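J.: Got a structure here, written out as structure tokens. Questions coming.
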Amino acid sequence: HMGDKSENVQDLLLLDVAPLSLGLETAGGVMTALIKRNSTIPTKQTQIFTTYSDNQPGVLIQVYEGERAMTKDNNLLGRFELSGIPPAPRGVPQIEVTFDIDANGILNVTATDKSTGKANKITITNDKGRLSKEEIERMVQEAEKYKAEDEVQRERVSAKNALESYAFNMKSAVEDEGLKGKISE
């Protein structure tokens, strides 16, 4: 009368290398790759980032999926704020951000406040990505053209690795291609 619930198999195959670059967007909407593309995963990389504040020192980690110097035109992957810092952040102590990928398919990011010795994490699961497979191709192919823009806008915005306190990602809804074109002879 009382049986057991048959569990289904829920594993899946992932990629061996990172098809895209994972990292943080710097104040300005420019993608700052922490884990670059073509890297063997799972992998754990750590890079040093800084923070820019308006009036109150607040650190927010904007995690983005893909290599895109136009991150402000795209949708953010994840974001976690760092708070609970006893000492006064003067902008001098840098923020250490570590991206540790697990074989199960989860991205465990961990930011360490070198100002107080605190560490915060969040398990982000994208599996195969949030963007469409067709868009993944653009994220790879166009990554080289935005690479040229990157070095330019990087200095123009004056943000190499500066994380902003609050990133306002506008929910720009992608429009369905209704532009009926035609080739000419």
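Numbers here mean position along the shown chain, with the first residue as 1.
Placed from the backbone N, Cα and C atoms, the Cβ positions cover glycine too.
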J.: According to Swiss-Prot, omega-N-methylarginine sits on which of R37, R68, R90, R138?
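T.: Record says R90.
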J.: Could you state the whole-number distance in Å separating the C-alpha atoms of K182 (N6,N6,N6-trimethyllysine) and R90 (omega-N-methylarginine)?
T.: 58
